[PDB]
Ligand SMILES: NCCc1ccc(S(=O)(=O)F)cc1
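This document starts with one chain, in the form deposited without the ligand, laid out as structure tokens.
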């Protein structure tokens, strides 16, 4: 599953009259620019096409949209084109267009105009959906990636990049989303009710047969969920431990682990119901202590990135897609180099498979350098502001 190309028009600092396109390299795309160039803007657009989600804090007032006032319009339209490839390797395109309308008294209305997903095959293209709700579900399905982690992990907003360090309630909400816990609980409750429904209605061999099957099915779901959760947790935690050890300079903290806590409900009729409470914990020497309220800024950023990487590896289908917006935030000289080296290692280990797409956004010189030449990258993208103060996308060959 690859993303090939993205075209942006009329969003943020980007003009509404000439579109800008970025082509995603394998396995690393580097985007560099000065403050306010329009780099983060790209991930937002990448996030929107795949999830149908606008960034937090930009949902209304047409904040997302290039402001009408600069150009003498009453209307601005922003379109996001993402051309991507399926898990199977069929070629798809998804486009999203949104309208921002200005009324008198300075009031504005924002609306989703139309969404289309077409398929690129042979010489002919076929439209699968013009319905937005279908789009979001399908693209998650087509990419082989659950919708929840696309939002949470693959395309995390620079503003939300620290979520693995939020308070226990919010952290629990995010993990439950990722695990699809609610839907599985609903399907199990659903089958039992259906079982009892048929029981009331109650050829004989078929009935005794159905009861054996139903008990088996419910037990499987109940057992598979627990096993799935426990399995996923452990591999994730191992990935986290490894990365933190390789990466984190400084001797204050030995390792970092996500701890998951259960509330168990016991029923003969309903099987078992499980509630999960999540917390991230440090370990120094023999001691384990909860990070929240106890960790440094550099530790916060680094731990959050590592949790995101581990989550992506374990949860997502083994397609190496992740986007990192300014990973070097609040990190010292040693830790920056270490992250770069860890990243480079991750690229080399996972490259052989052949499908890794890593996007790194930065304005930092030391970090940029370690990644830049050694990696097989033949190109990178710079984002500048033109004289009309619109953002332009420039492709630079490192060769010259």
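Numbering follows the first chain given and starts at 1.
Keep in mind the form solved in complex with the ligand is missing from the figure; the text below concerns it.
Inset, instruction - Would you say the site is open or blocked once the ligand, modelled from its placement in the deposited bound form, is overlaid by superposing the surrounding C-alphas? Use blocked for 3 or more ligand atoms within 2.4 Å of a backbone or C-beta atom. - result: The pocket is open.
Inset, instruction - Using a 4.5 Å heavy atom cut-off, state whether residue 350 contacts the ligand in the deposited bound form. - result: It does: once the ligand is placed as it appears in the deposited bound form, residue 350 has a heavy atom within 4.5 Å of it.
Inset, instruction - Although the ligand is absent from this view, report whether residue 243 comes within 4.5 Å of it in the deposited bound form, heavy atoms only. - result: Yes, residue 243 is a contact residue.
Inset, instruction - Indicate whether the ligand has at least one heavy atom within 4.5 Å of a heavy atom of residue 86 in the deposited bound form. - result: Contact check for residue 86: no, nothing within 4.5 Å of the ligand in the deposited bound form.
Legend entry - Any non-hydrogen atom of residue 313 within 4.5 angstroms of the ligand in the deposited bound form: Taking the distances in the deposited bound form, the answer for residue 313 is yes, it comes within 4.5 Å of the ligand.
Inset, instruction - Consider the chain as shown here, without its partner, and state which of 303, 309, 324, 117 has a heavy atom within 4.5 Å of the ligand in the deposited bound form. - result: Going through each option in turn, the one that passes is 309.
Legend entry - Candidate from 356, 46, 340, 30 lying within 4.5 Å of the ligand in the deposited bound form - any heavy atom: In short, 356.
Legend entry - Stretch in contact, per heavy atom within 4.5 angstroms of the ligand in the deposited bound form, of 342-350, 46-54, 369-377, 22-30: Only one stretch qualifies here: 342-350.
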